[PDB]
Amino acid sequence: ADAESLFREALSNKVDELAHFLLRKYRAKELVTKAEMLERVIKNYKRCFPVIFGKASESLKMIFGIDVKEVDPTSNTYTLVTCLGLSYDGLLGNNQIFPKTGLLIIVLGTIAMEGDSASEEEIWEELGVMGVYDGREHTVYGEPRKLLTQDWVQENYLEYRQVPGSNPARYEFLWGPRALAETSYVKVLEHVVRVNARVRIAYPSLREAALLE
């Protein structure tokens, strides 16, 4: 209804649009330049690039675990790589759209925050805050139980065992050998602290966007 409201929605839609554009660039295993984004995604909002690209970069990092890192400063060329140097992204078999690295990092970070292991109850507690629920197929992440107890176990990122001496049965999660080799408790906890402490980028109003121009 309002002009400033339709402008914020236009910028918010570009973040969505640029985020999916960068995701397509990652799956295609290609580089991306600033000029490519200015021409193919935000042609009519070029001077808002820092805000749009910043919001889209952070969303790829938090949701899918992809880093958008500048390769060459003078060329404004960026590469798309998994966070924390993990060699897994879940783009395999029939899952060829959405990387699962982001959720794995959130699970790995939940376990490291708890110490040597996290029980099943508090893994489901943490996931429930993101709308992820046992036995329910999330639109992006998929079904989590299979991800936790089959995929990531067989990939050796996680261990899923019963608590020693339980009555009745009780399960917990641990870092598998691959997680310990590719990253560490310290690097993952630091990543969580950096993500959570990043100052949010504000959408510029029409007036502030006019000062940019």
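The numbering used is simple: start at 1 and walk along the sequence shown.
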{"query": "40-48 versus 164-172 - greater average Cα B-factor per the deposited record", "finding": "164-172"}
{"query": "Greater mean Cα temperature factor according to the PDB record, 173-181 or 66-74", "finding": "66-74"}
{"query": "Which of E143, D89, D116, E125 ranks first by CA B-factor in the deposited coordinates", "finding": "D116"}
{"query": "Within-chain third of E17 by Cα B-factor, per the entry", "finding": "middle"}
{"query": "Lowest, middle or highest third - CA B-factor, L189", "finding": "middle"}
